[PDB]
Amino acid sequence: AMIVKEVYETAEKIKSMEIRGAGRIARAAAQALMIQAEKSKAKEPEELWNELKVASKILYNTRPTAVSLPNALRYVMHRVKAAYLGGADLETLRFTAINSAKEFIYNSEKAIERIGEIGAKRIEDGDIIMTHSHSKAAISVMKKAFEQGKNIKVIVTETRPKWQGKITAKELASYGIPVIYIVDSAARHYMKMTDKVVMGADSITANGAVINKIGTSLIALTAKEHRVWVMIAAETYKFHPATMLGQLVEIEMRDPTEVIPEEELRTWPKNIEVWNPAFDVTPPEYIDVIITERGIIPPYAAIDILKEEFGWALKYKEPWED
């Protein structure tokens, strides 16, 4: 045991979505391991190692679907583990954890700035862009395009149940970007006036499928019907290593009361069930490009990003297992 309160508070804030967005959650988890190592009262390497193992498990068991979270945890603990097994002493192990965490956080920020600069080259002056949910990676693209002087407009879908569209609409409007807010249902009706679709990712699989906020796959479907480019802005740590060896991504089922508030739901007949999937799966055929910090790829090149950057680890257990 001996876990710092910031670890428990971060885990709780991921679970409740007080902190959300797959990148933000990954950085928050890195930031928690960092604070555990900063404040630990461990005397021994053995002790701190075991704390970080435990902190890591607590953070992993918060929300399952966005692989950014375990990838952040892995980034920090592959390096902490290797230091430990190599015989590092207390302060060397501590610094390894703190510095790996800071590396992940810095690289996450840079990757998003770079995704914006790359994706903005695909955005043309006059473009109407449709988006979904709230993705910092997607917003980075739209924001850089606007800063380049391209006169754009963003159609923002409200993204039920949690209303993520409101966040997006207000953020974009605050940079000076003109916004059209519509309900999710209206996505097809307005796909004809749309030039480009720019969305985020929580996990991208080996076969090129993108797992993102519920409703994503519908927008991609009708963008494809209408020949509107579907561009997924996503960091390489959105790529899902275990899909290489056949693993299915768990789709997170969140609380019914996030759809129908508890005051109302309790009055409803028992033979109504409310189902609240937080994500869906978009097949690669409905995706034109994935914009990563290292460049544009077709969706079927996702296996390459995973082979080159993640494959080596799959013959090992997780770096926080005993």
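In case it trips you up, residue 1 is the first one in the sequence shown, and so on.
- Comparing 118 to 126 with 217 to 225, the stretch with the higher mean C-alpha B-factor in the PDB entry is 118 to 126.
- Look at the mean CA B-factor for 92 to 100 and for 168 to 176 in the entry; the higher one is 92 to 100.
- For the set 187, 232, 80, 251, the PDB entry puts the maximum C-alpha B factor at 80.
- Taking the deposited Cα B-factors for 47, 280, 288, 293, the highest one is held by 47.
- In the PDB entry, a CA B factor belonging to the highest third of its chain's modelled residues is recorded for residue 313.
- Residue 158 sits in the middle third of its chain by CA B factor, as recorded in the PDB entry.
- Among the modelled residues of its chain, residue 208 has a C-alpha B-factor that falls in the middle third according to the deposited record.
- When the modelled residues of the chain are ordered by their C-alpha B factor, residue 11 lands in the middle third.
- When the CA B factors of the chain's modelled residues are split into thirds, the value for residue 84 lands in the highest one.
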